[PDB]
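Chains as they are written, first to last, in the deposited numbering: chain C, 2 to 81; chain E, 43 to 109; chain A, 645 to 751; chain D, 51 to 193; chain F, 63 to 227; chain J, 1 to 41; chain I, 15 to 49; chain B, 2 to 735.
Worksheet: one structure, shown below.
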Amino acid sequence: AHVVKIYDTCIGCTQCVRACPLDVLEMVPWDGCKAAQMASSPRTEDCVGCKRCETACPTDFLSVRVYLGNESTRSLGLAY
Amino acid sequence: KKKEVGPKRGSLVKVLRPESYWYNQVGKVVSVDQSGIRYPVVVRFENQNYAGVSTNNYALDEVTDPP
Amino acid sequence: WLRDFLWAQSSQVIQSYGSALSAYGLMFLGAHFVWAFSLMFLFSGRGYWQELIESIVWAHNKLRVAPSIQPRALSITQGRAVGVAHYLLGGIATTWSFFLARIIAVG
Amino acid sequence: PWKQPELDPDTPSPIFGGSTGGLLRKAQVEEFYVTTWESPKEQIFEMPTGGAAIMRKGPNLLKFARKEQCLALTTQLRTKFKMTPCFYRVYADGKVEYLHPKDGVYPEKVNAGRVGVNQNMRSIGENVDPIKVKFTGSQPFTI
Amino acid sequence: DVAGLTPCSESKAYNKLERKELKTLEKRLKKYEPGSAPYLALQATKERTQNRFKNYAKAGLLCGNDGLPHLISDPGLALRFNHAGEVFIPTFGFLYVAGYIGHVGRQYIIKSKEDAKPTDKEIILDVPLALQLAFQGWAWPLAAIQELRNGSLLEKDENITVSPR
Amino acid sequence: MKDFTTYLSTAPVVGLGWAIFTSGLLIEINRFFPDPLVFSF
Amino acid sequence: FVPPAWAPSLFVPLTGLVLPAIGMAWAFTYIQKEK
Amino acid sequence: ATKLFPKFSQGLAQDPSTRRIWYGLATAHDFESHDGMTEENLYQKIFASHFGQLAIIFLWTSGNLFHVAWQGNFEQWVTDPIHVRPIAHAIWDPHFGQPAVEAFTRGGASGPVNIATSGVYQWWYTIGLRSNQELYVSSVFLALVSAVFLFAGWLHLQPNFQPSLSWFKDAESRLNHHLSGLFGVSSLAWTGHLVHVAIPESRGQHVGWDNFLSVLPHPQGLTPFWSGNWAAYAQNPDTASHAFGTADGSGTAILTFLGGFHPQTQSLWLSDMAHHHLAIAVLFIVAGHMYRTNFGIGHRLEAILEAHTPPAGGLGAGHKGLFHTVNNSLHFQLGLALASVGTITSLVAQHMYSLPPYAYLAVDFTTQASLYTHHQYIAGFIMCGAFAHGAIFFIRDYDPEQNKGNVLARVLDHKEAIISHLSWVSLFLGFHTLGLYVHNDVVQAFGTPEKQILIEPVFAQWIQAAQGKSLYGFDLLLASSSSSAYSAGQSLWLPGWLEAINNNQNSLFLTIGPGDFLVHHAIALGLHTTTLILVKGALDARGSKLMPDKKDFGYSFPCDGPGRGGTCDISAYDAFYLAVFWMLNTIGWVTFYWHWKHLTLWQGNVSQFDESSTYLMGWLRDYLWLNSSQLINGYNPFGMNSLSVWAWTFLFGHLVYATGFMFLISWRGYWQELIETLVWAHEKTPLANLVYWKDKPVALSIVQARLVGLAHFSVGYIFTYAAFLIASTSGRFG
Ligand code: CLA
Ligand code: CLA
Ligand code: CLA
Ligand code: CLA
Ligand code: CLA
Ligand SMILES: CC1=C(C/C=C(\C)CCC[C@H](C)CCC[C@H](C)CCCC(C)C)C(=O)c2ccccc2C1=O
Ligand code: SF4
Ligand code: SF4
């Protein structure tokens, strides 16, 4: 499926997870940010690449990136 | 700890981050975190980016004086 | 329709120059222009024009004439609206000019 | 959460007529998703696959063909009535997989029990150029 | 007599075009009584056409094989054949006016930035300030080249917003 | 008055004023100098 | 050397009907070829 | 899942959708993105593909020769090259009706035939082919050559025959061999064939393989060549009253400098072209042994690249590091090759019509128009391909650490300045050209056309007066005998060239007026705008402010979503796909100008073009409406003339244009939802749900949609203009 990569510039604001319509991201404990939270993608096989997480990222550039490629039944959003 | 880990709050800074929207731009320091995070320098900018935000966190090595 | 309706007619529109119907021919040309100009908004997208605007921003920043209000490309919905509006206006005015010139000259 | 709940097919479905955007042949060929919640009272909600239904006072079970529909129903129930539902995925052979509350605390929380995966520890824009990774099968963002 | 072309006064197609225009104006005029407003309107149109055809002649304008006047754009060639007033003087005048516009816009951009919310001044114009800068732009090239001399016309590449490579 | 003046100070109103001013200037120039093409004093 | 007169009556239906039909048959079997 | 059709992509194999087919075709020959691909395997696949394309080209020209020989009138056209029209191929359509069969019988044929417009008849008459048996043996020999090339590609693909990586990367030896052998001795053999065959065949002497090694091309017999008296070859040139098919007014000359045209056939002299190709061969051979091979002499590419750096930091590091950049990145070489070849075919198009090299080619108006239009469209297409593959080079294989401070790093550093200046010049040209055209149209509409602005193109007229055209007057070179340019070559090529350039009948330096000036500025606007789009796509290919990480997303990706205001059409592929539209408009402009000017020249009403190209009503009415009367009357309820097929393919092109509008305007969400509804309809129906699809039907990708819309748009454009051009030039001429 698609590739979801999260960098260290994330501030743990949990906006990307709330904007996710397929429950791909998660919040794990961290020490590199003030909020002590870091975004993770343990369910990247269910991500369709809608880039809704990138819209909700408040940091400049993007702390979360979605790269398309190798579309599957789950990645193409097919009910059939 | 001694002095402060970053620049003086409220002072103008120039962002040296190349991938940032505010590269070679002047912003105002809001607060500098002292716990030891990667990007403690909170900078507020007068002009918003395409996402509409105006604040970002930068590290110590990507801020200089306004020339 | 191509020959006996569109080519058999519309000869009054193109021969209207030098007469009182020449404004219909000018409006016909302007309508063709607006219809063609709509296609750049109907096609393409936003990132291309955004980067072009970034280059123009660099050009105005070199001369220190960059506006305080940041210029941005039209939104995708806004670009679609501009494209459909100019497309409809061009087609409507084309048919209007052709119909009026043909029906006034020979009618 | 502490113990992963097991789905019950005998739980009553919410009061609804016939759906047209319901489960297709993929439900009997590939996996299909099933959402469960616990309604304290009867009320009318809007399904993402059609019109409106009425949930029963008790357990409620619904079936969908896409996980996005299940999460849309979940967030609608959480925003409108604070229901906290949970959906499973059932394959063709009957394998049941727990999907939304992986630690039972929802992904908005942390719970100090999830290991962060697929996290690049370098800043964005510090990735190598595609010329550096050529004829290797490794993307610049995958390192 | 440059580019194998004849002057408009010496040309025959120019006079033929003028005669045809006068003929069709007279044909339109003959359908109205002399004591009617369309008659005076068509007489004024004919007088304007005759004045324009007289002014296009005896002014250096030349036409080739169709009676439609042609314009020479190369300086020097236009200078030695009295064709500078065709495009050479108008292009200098347009450059003067365009520099006026650019200098006025630059002055308004610079002078409305050292204040709180410059976008508010951009969207709601300071009309007395705009008129003052409008009446102060008569010496735009002097101020432009002086700003070039002191270096305030151009910004250095360190304070300029730049796209990543 | 000053609120109405700031409304008149908005960009579309001053653009409209410039539009009428420039259009009227060019129209009066064309009317009192009928159809010129070449600068001949 | 010179082809016979019935060559347009044979090669044109062959490359207009038969050859595209067998090409589409081979392509359809190749698209849906599974392990 | 995991079907075997995309064997070059394991990820595409595990795609249960119809898109797997489509992405299995568009990514077919992109070997750099294939799984488990090495550089040596990529080079071997490239070599096999090149041999395949060569075999296809040779098979195609063999088929052209065979279909001209069989079901053609080559001998009848040889006898009378003025009246009877060439025949391309016979028509066997069972859907044809009897009036359609009767109407298509032209050129003295026994069946329905197509009038040839490719111009191979004139070319094969010029090179010396006269009989149908010669065309037959040439076609079968080219078919054998194509089969040999296909077998060679297969054998070089086979193991223990694949070339090494250093064999492909040996740039110096390849450059020397292709400069000296592919261009030098090839041109030497071609001009030897010219001297041996074409000049005797143009002088009524048959030279064949049977009588080869027996007939001497020059009566002196090669002894002036060894004696150094090369001027003896240019002793008795062909006279003005010389027949091309016969020996009347012939001569004994194989190499000369008789600049101009043959008066009988309005084409360049065969001896002049033979001398030209001999000089070209000598220049290529003497420059084909300059680079450093395994011998001790030669030139190293990297040494000259690194040494050519301006002092005092004019270009920074200079041209250093470009050798590895060219050698490692194949897309850079692809872009350079496509740009050079596009400039070459642009020059070919601009030099065929003014200087016809083939006998009886200028009289064939439809042939010249079709050849010019085809060459210009191919030129624009590979111009755009050069720029697109340059953007591909910038995205895929470009290491700034390698070429740091060089010319590439510098032009990537100030790319904003280049893009801004090109945008400014595009805005300037477009604003002033549209303002001038609208001003002229309004002035002509008001009944007083003398008020329009007609800026005389004095620069081109001054150039043409400096090159021999005395129509504009003036006293520059090649018009006054006191000039050194007139004195030099006064008895070499000037008397013929001046006669050719002072004639208004041919297309050699035609009269240029204010309408020509305006359309030339329109052409300049089109070229500068397409250049602006393509260099903005190439320079911002690997990154921009909206997408700094554009290199990680590849060359052809749809968008980044609606975030940051909207990011659709941000890849360099989208910039190329917009530049395809702009290139199509520009080539449409140049072909409209060429077609209207040449049609008014052939009709003799050059004044109509002079007074009608100023305003766009003249372009719409006197060109797009007046000349389309015979096209639209190809088929009607009254009957049918010979231009029925051209009217049908004209409407066909307008239809494909509309389908391009379909695939370009509407985007993916509506069609995806409609496909979902159709999937439900097929799933929930009796007597039809027994069947099923092996792959799930999905809507086409956004990049795929752009490509399909571009293809339909370009196909409709090409077919429409080809139909209009051929029907207008052939319906009233011959
Ligand atoms: C007699 C004095 C003299 C002069 C006139 C020059 C001049 C030149 N030398 Mg040089 N040279 C000199 C002495 C001189 N040199 C000496 C003493 C040495 C030591 C032996 C050299 C060694 C040397 C080397 C080794 C090389 C040069 C090169 C060059 C050229 C490029 C210089 C440069 O940096 O680009 C000029 C500076 C720039 C910053 C370039 C800007 C270019 C702009 C951006 C392009 C604008 C294009 C624009 C769109 C055009 C619009 C027109 C429209 C119609 C399209 C230039 C023509 C180079 C060369 O051959 O190039 C031809 C080269 O490789 N020189
Ligand atoms: C025939 C139709 C048409 C026209 C006129 C234009 C015009 C333009 N496009 Mg193009 N374009 C079109 C179709 C068209 N497009 C299509 C179908 C595509 C494929 C999708 C593109 C793809 C494309 C790209 C990729 C690019 C352009 C660019 C441009 C600009 C070129 C600069 C120029 O020539 O000076 C301007 C000339 C013009 C004719 C513009 C029209 C201005 C006139 C004078 C009217 C101005 C207003 C007037 C005073 C009336 C005011 C009142 C009114 C508003 C109510 C210009 C805005 C380039 C650009 O943005 O420039 C940097 C660019 O990068 N276009
Ligand atoms: C007065 C302000 C101002 C100034 C000084 C400039 C200056 C420049 N622009 Mg910019 N531009 C402006 C406004 C301005 N622009 C506006 C409002 C727009 C949006 C329509 C643009 C759109 C634009 C584009 C798309 C491009 C430029 C380019 C350029 C450069 C070429 C010069 C030129 O005439 O380009 C031509 C400029 C125009 C046709 C824009 C004219 C817009 C209107 C007609 C003028 C507005 C005047 C303003 C109301 C005055 C305010 C005074 C105040 C007291 C009220 C130059 C750096 C080009 C470049 O990059 O060159 C390197 C280029 O490609 N500009
Ligand atoms: C010397 C010539 C040459 C060579 C060797 C290449 C080679 C390549 N190019 Mg390039 N290219 C060229 C010319 C060339 N191109 C030209 C002239 C253009 C401009 C049109 C382009 C534009 C271009 C783009 C924009 C892209 C490439 C890409 C590619 C790669 C994919 C090829 C492949 O295996 O897929 C095989 C591909 C296909 C089979 C698709 C072809 C479909 C065509 C358009 C259909 C034909 C149109 C029409 C329907 C025909 C019927 C007409 C109708 C009337 C009957 C490959 C490296 C791609 C790449 O590198 O991937 C990132 C890429 O993105 N090229
Ligand atoms: C219902 C309306 C309609 C529509 C939408 C179309 C659509 C089309 N026609 Mg058709 N047409 C129609 C009715 C229509 N037709 C009718 C009724 C007739 C009469 C029989 C024609 C006669 C006709 C001809 C003769 C031709 C077309 C062509 C075309 C294509 C447009 C090519 C294009 O986009 O280039 C964009 C447009 C241009 C490049 C030039 C536009 C024409 C201008 C006026 C010429 C002057 C340009 C010149 C350089 C100066 C301008 C410079 C600028 C800076 C101002 C497209 C398939 C052409 C074609 O197939 O492709 C070339 C073609 O040759 N049509
Ligand atoms: C061209 C283009 C742009 C760029 C267009 C922009 C930025 C809008 C420009 C509007 C101008 C500023 C309107 C005013 C123009 C003149 C300056 C006003 C008239 C001047 C005369 C009176 C002198 C998009 O943003 C876009 C977005 C989505 C889909 C397609 C497109 C698209 O095609
Ligand atoms: S939206 Fe961005 S900053 Fe916020 S938690 Fe997600 S990756 Fe981090
Ligand atoms: S290409 Fe489509 S999905 Fe992408 S930004 Fe544009 S409209 Fe949105």
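Where a beta carbon is used, it is the ideal one built from N, C-alpha and C, also for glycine.
Residue i: CB within 8 Å of a non-hydrogen atom of ligand 1
i: E:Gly48; result: no
i: B:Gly527; result: no
Any non-hydrogen atom of ligand 6 closer than 8 Å to residue i Cβ
i: B:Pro559; result: no
i: B:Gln468; result: no
Cutoff 6 Å; reference residue i; Cβ partners in own chain excluding five residues on either side
i: B:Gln468; result: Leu479
i: E:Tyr81; result: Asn99, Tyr100, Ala101
i: residue 738 of chain B; result: Look at the range of chain B in this structure, 2 to 735, and you will see that residue 738 of chain B is not part of it.
i: B:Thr368; result: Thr118, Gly120
Close-in-space but distant-in-sequence residues of the same chain around residue i (CB under 8 Å, 5 per side omitted)
i: E:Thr106; result: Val55, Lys56, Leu58
i: B:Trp583; result: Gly527, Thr530, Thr531, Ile534
i: B:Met641; result: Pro100, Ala101, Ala104, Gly635
Residue i Cβ short of 8 Å to ligand 2 heavy atom set
i: A:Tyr731; result: no
i: F:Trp202; result: no
Reduced DSSP category for residue i - H, G, I as helix; E, B as strand; rest coil
i: B:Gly386; result: helix
i: B:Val692; result: coil
i: B:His263; result: strand
i: B:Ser147; result: helix
i: F:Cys125; result: strand
i: B:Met548; result: coil
i: D:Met105; result: strand
i: C:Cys54; result: helix
Proximity test, residue i beta-carbon vs ligand 7 heavy atom, cut-off 8 Å
i: C:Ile7; result: yes
i: C:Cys58; result: yes
Other residues of its chain near residue i: CB distance less than 7 Å, five sequence neighbours each side excluded
i: F:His132; result: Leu67, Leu124, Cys125, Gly126
i: E:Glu61; result: none
Closer than 8 Å: residue i CB and nearest ligand 5 heavy atom
i: B:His655; result: yes
i: B:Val520; result: yes
Which residues, in chain order, sit with a beta-carbon under 6 Å away from any heavy atom of ligand 3?
-> A:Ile700, A:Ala703, A:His704, A:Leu707, A:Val709, F:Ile163, F:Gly164, F:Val166, F:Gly167, F:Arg168, F:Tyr170, F:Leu187, F:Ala192, F:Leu195, B:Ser421, B:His422, B:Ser424, B:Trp425, B:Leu428
Would you call the stretch 564-579 of chain B and the stretch 496-503 of chain B touching, i.e. three or more CB-CB distances under 8 Å?
-> no
Flag this pair as touching only if the stretch 682-696 of chain A and the stretch 659-672 of chain A have three or more C-beta atom pairs under 8 Å; answer yes or no.
-> Put simply, the stretch 682-696 of chain A does not touch the stretch 659-672 of chain A. Fewer than three CB pairs are less than 8 Å apart.
Can you find at least 3 beta carbon pairs, one from the stretch 616-634 of chain B and one from the stretch 651-663 of chain A, that sit closer than 8 Å?
-> yes
Examine the Cβ distances between the stretch 700-710 of chain B and the stretch 662-681 of chain B and report whether three or more of them are shorter than 8 Å.
-> Segments in contact, yes.
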